[PDB]
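Chains as they are written, first to last, in this note's numbering: chain A, 11 to 92; chain B, 5 to 70; chain C, 622 to 718; chain D, 972 to 1180; chain E, 394 to 434; chain F, 4 to 51.
Using N, Cα and C, we set each Cβ at its ideal position, and we do this for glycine too.
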Amino acid sequence: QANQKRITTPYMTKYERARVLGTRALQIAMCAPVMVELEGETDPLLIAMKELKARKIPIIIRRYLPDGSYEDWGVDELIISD
Amino acid sequence: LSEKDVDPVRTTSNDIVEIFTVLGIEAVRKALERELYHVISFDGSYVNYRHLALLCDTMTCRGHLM
Amino acid sequence: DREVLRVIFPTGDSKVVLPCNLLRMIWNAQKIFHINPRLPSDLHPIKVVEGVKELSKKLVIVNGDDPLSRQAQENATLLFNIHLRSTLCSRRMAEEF
Amino acid sequence: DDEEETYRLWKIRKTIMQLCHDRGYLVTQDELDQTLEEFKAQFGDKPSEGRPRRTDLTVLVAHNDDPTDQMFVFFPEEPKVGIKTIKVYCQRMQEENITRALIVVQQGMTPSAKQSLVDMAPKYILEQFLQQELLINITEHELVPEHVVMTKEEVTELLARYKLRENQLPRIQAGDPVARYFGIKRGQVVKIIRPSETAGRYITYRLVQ
Amino acid sequence: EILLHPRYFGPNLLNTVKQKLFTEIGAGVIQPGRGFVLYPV
Amino acid sequence: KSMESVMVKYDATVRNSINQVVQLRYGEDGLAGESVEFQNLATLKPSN
């Protein structure tokens, strides 16, 4: 579905936060380019949380509706609360 | 409920199959929540309504006592 | 709203479970803004009326402008909106808070 | 005594008036509020050896939206009804041109009569109520919420809003005591409106199956 | 369906999915439990 | 064994694995159980 007619809530769920951080941490561990200046940080999971709070994570969340439709939300488009 | 000077609005049973046969699936949905509430709250304990409600909805969404 | 509540709670048990503890948030505000309750307030009572109306439009549980959506939107938030109006009313913001 | 039958006949009738009104048939307030004393003043003191005999207090009512949509209510003389009675009432429904009737069966029906209502079903809709099912209006009970029959336009708007399919709605069986009271049939939907202690109000939809 | 290693997820990502395909563009689904992204082409 | 699939969807309906509707909003209400608190209505009890 397009960027308009998004009916799902603009907040990131806790389940999305968990998997986005988990997935981005493994990417950073697999030498994926890091989207922020790491000030001597080395734990990939703390870098992922750093990238999340910067809204720098290059991930899109495909949310499936119970009709089988889906919405694509960029991680930076969601309201991030932790 | 049919007898004279009995109150037909409030008079109620703890037998839920009588309620299904006399009053149907929505009265069961309420009476079941009352029965589950009574066993929990009798010893003073408290459970959030949304758990009581969700169980009673699951046991009745089919249209009969599951 | 008072007659609506007297349908919803025929026993008159006023104890209710709701998301936002309004009295504590008021007390937090009184402390955060150093409010002297013996002086008269600069809070215009119309801003109390306008603000609660404009707040209530943002407590959205059911999206969309369709009338069945709006009927669901109103029903989902009915009890909290009655409580919100019973507390953030213009008089209590002048006599109590 | 002879008065218990008069009290029964009145109380059954009062329930039928409320049922007809709840279905949307044109019922006058004077018949909805009719007291035992006014019922007795119209129909007499005792039905055994007297005026309010069975059939006599037969009712006929017309719909609010259309004057030609009309429904009978019958109080058979047969305590257990046979085809002998139903086929006569069908003839009367042909003559007076009435598509629906309610039969206030006292004790039961023969299996052939019970079958005959289905064998006539798409032509003449006959519905059976036992006498004891009408001594109380179960919709006045505090456990039974408000039930509202939706129209096909509303059901179409409902399913378009939530993108549902009818089978994804929760369901109510056509033999449910309230689905019979509203005379509802398969594939219709009821809007149910109930007080919610968390939200204040909640609306539920049952598909009839 | 190309699999791409996370080391390539820099600016040259789309160029690499071509350059790799020309040695061996859809939505790249991230595989759960792995860094590799799967692109249908 | 019955309820294990009953879940809040991105539609904010509560549905089973079959996508049958159990509730149109969670708890009739749409709110998580962890956030709510006991409160008093104030308007309910006072005399006229």
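Only counting the same chain, and skipping five residues up and downstream in sequence, which positions put a Cβ closer than 7 Å to that of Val24(F)?
Closer than 7 Å at Cβ, skipping near neighbours: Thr16, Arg18.
Tell me which same chain residues have a C-beta within less than 6 Å of the C-beta of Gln1078(D), skipping the five on either side of it?
The answer, listed in chain order, is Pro1050, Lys1051.
Between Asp14(F) and chain B, is there a C-beta pair that is closer than 8 Å?
Chain B contact via Cβ: absent.
Along chain F, which residues have their Cβ under 8 Å away from the Cβ of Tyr74(A)?
Simply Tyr13.
Measure the alpha-carbon distance for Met1064(D) versus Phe1153(D) and round it to whole angstroms.
So the alpha carbons of these two residues sit roughly 21 Å apart.
Measure the alpha-carbon distance for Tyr21(A) versus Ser91(A) and round it to whole angstroms.
Distance between the alpha carbons of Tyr21(A) and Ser91(A): 8 Å.
So, with DSSP's three-state summary, where would you put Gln1086(D)?
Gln1086(D) falls in the helix class under three-state DSSP.
For a minimum of 4 consecutive residues, which ranges assigned as the alpha helix (DSSP H) are wholly contained in the region 999-1063 of chain D?
The region 999-1063 of chain D contains these whole alpha helix (DSSP H) runs: 1000-1003, 1007-1014.
Going by alpha carbons, who is nearest to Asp1001(D) out of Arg1177(D), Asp993(D), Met988(D), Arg994(D)?
Closest by alpha carbon: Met988(D).
What are the start and end residues of the alpha helix (DSSP H) that includes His992(D)?
Looking at the DSSP string, the run of the alpha helix (DSSP H) that includes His992(D) is 973-994.
Return the residue from the list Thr1169(D), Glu975(D), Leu1106(D) that minimises the CA-CA distance to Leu626(C).
Checked all of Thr1169(D), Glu975(D), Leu1106(D); the closest Cα to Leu626(C) is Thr1169(D).
Which of the three DSSP states, helix, strand or coil, is assigned to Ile418(E)?
Looking at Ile418(E) - three-state DSSP - the assignment turns out to be coil, as it is neither helix nor strand.
Are at least three pairs of beta-carbons, each pair with one atom in the region 46-58 of chain A and one in the region 13-28 of chain A, less than 8 Å apart?
No: fewer than three Cβ pairs fall under 8 Å.
Can you list, in chain order, the residues of the region 14-41 of chain B whose Cβ is nearer than 9 Å to any Cβ on chain G?
This model lacks chain G altogether; the protein chains it does include are A, B, C, D, E and F.
Can you pull the chain F neighbours of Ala697(C), defined as C-beta to C-beta under 7 Å?
Those are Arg28, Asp32, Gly33, listed as they occur along chain F.
Can you tell me whether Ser6(B) is buried or exposed, with buried defined as 16 or more other CB within 10 angstroms of its CB?
Counting Cβ neighbours within 10 Å, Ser6(B) comes out exposed, since fewer than 16 surround it.
With DSSP as the reference, identify every bridge partner of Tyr74(A), one or two as the case may be.
Per DSSP, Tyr80(A).
So, using beta-carbon positions, are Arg1025(D) and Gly1015(D) closer together than 8 Å?
No, they are not a contact pair.
On the DSSP bridge assignment, give the partners of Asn43(F) in chain order.
Bridge partners of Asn43(F): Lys636(C).
Does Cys60(B) come within less than 8 Å of chain F when only Cβ atoms are used?
Taking Cβ atoms only, chain F never reaches closer than 8 Å to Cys60(B), which makes this a no.
Does any C-beta atom of chain B lie closer than 8 Å to the C-beta of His992(D)?
No, no contact with chain B.
Does the distance from the C-beta atom of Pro640(C) to that of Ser5(F) stay below 8 Å?
Contact: no.
One question on the structure: do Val430(E) and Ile418(E) come within less than 8 Å of each other, judged by their Cβ atoms?
No, these two residues do not count as a Cβ contact at 8 Å.
Check whether the Cβ atoms of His68(B) and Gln1144(D) sit closer than 8 Å, and answer yes or no.
Against a cut-off of 8 Å, the Cβ pair of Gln1144(D) and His68(B) comes out as a contact.
Answer yes if the region 695-702 of chain C comes into contact with the region 1027-1041 of chain D, meaning at least three C-beta pairs across the two stretches below 8 Å, and no otherwise.
Counting Cβ pairs under 8 Å, fewer than three are found: no touch.
Ordered along the chain, which non-local residues of its own chain (more than five positions away) have a Cβ less than 8 Å from that of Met45(A)?
Excluding residues within five positions, the ones whose Cβ falls inside 8 Å are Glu61, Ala64, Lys66, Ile67, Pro68.
Assuming the contact rule is C-beta atoms closer than 8 Å, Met714(C) and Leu660(C) should be a hit. Round their C-beta distance to whole Å, please.
About 14 Å; that fails the 8 Å criterion.
Below 8 Å on C-beta distance, what does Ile1174(D) contact in chain C?
Simply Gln692, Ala693, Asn696.
Rounded to a whole number of angstroms, what is the C-alpha to C-alpha distance between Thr708(C) and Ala28(A)?
Between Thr708(C) and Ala28(A), the C-alpha separation is close to 38 Å.
Between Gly419(E) and chain A, is there a C-beta pair that is closer than 8 Å?
Chain A contact via Cβ: absent.
Starting from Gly67(B), find everything on chain D with Cβ-Cβ shorter than 8 Å and list it in chain order.
Here the neighbours are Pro1141, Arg1142, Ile1143, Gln1144, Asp1147, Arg1177, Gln1180.
Tell me the rounded alpha-carbon separation between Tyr432(E) and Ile71(A).
Cα-Cα distance, rounded: 16 Å.
How many angstroms separate the CA atom of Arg1071(D) from the CA atom of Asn642(C)?
Looking at the two C-alpha atoms, the distance is approximately 56 Å.
Looking only at C-alpha atoms, which of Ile653(C), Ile703(C), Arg691(C) sits nearest to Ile629(C)?
Of the listed residues, the one whose Cα sits closest to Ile629(C) is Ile703(C).
Would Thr64(B) and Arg38(B) qualify as a contact pair, given that the criterion is a beta-carbon distance under 8 Å?
No, these two residues do not count as a Cβ contact at 8 Å.
Starting from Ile1174(D), trace the beta strand (DSSP E) in both directions and tell me its first and last residue.
1171-1179 is the extent of the beta strand (DSSP E) around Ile1174(D).
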